[PDB]
């Protein structure tokens, strides 16, 4: 079904170190309808892994087999015969959103443009990110690590929901062992998740508000001036991120709606999209989950 000729897959270079194995970048022969070749991201499984691990790999991959959204990085077949287990996916040529935002900084430094930022561009990303998340939540899937570093940028600048899931030494401090038991993205977590360690769609929305803050600051780390333990106390007691410098008032208002203390009072991704859909580009209606059937 999704199994594909491993011979029809040629790895080029490396993108990063995955959990089950190194992640490469290459091309696939006939993996997309009406397409000869296709740039893709190759996910592998180090031979130094038993079946207890190998099977787990194809377990989480079968989860994506049910996903089909313009705003979520799509799966493209899988390999697991007479060679190392592999999984193929749509390749996002501009990388993750945090790196992309960060790479814009130098330009903006020596760029002779003293004009406010484009609210229009930020809304496009917001809606694409919110549309991909609405789709995921609709399929009873909670992300648990929504952050700019886990959003991907396409060649055409479209943003899609993914999960970097690779080494990344530059974002290691984005995680903290709240209680030893695993690395958690504490600066992106809601008050309730910081307490019981439970993630829901309500908390994905809180994280969404933080991603909007990341976009407006060109990915500065949330809660400047506070250590991890200080962030914990501050957020759990009702503290909130500050309005970014030169942030369109409308964007911050959206953020604040995402950061209400009472989880049940936060709007859902569908409500978020409904309140900004009239600001979305024309094409949005064509390929978005929101307008779909």
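C-alpha atoms forming the largest set that superposes within 1.5 Å between two forms make up the rigid core. Positions refer to the first chain, counted from 1.
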Open item on the list: So, in 6 other deposited structures of this protein, taking the root mean square over structures and residues of the Cα distances after a rigid core fit: is 269-277 or 20-28 the more displaced stretch?
Closed with: 20-28
Task: Higher-deviation segment by CA RMS in 6 other deposited structures of this protein, core fitted, 192-200 or 76-84 - done: 76-84
Task: Entries skipping residue 102: at least a third of other ones - done: no
Open item on the list: Please determine whether residue 149 lacks coordinates in at least a third of the other PDB entries of this protein that model its flanking residues.
Closed with: no
TODO: Tell me which of 12-20 and 271-279 has the higher mean C-alpha B-factor in the deposited entry.
DONE: 12-20
Task: Which of 105-113 and 173-181 has higher mean CA B factor, as the PDB entry lists it - done: 105-113
Task: Residue, from 59, 228, 224, 262, that the PDB entry assigns the highest Cα B-factor - done: 59
Task: Candidate set 235, 247, 49, 254 [ranked by C-alpha B-factor, highest] - done: 49
- [ ] Can you work out whether the C-alpha temperature factor of residue 95 puts it in the lowest, middle or highest third of the chain?
- [x] middle
Task: Lowest, middle or highest third - CA B-factor, residue 120 - done: middle
Task: Modelled-residue ranking by C-alpha temperature factor, third containing residue 266 - done: lowest
Task: Entry-reported Cα temperature factor of residue 203, expressed as the chain third it lands in - done: lowest
Open item on the list: Could you place residue 189 in the lowest, middle or highest third of its chain by Cα temperature factor, using the values in the record?
Closed with: lowest
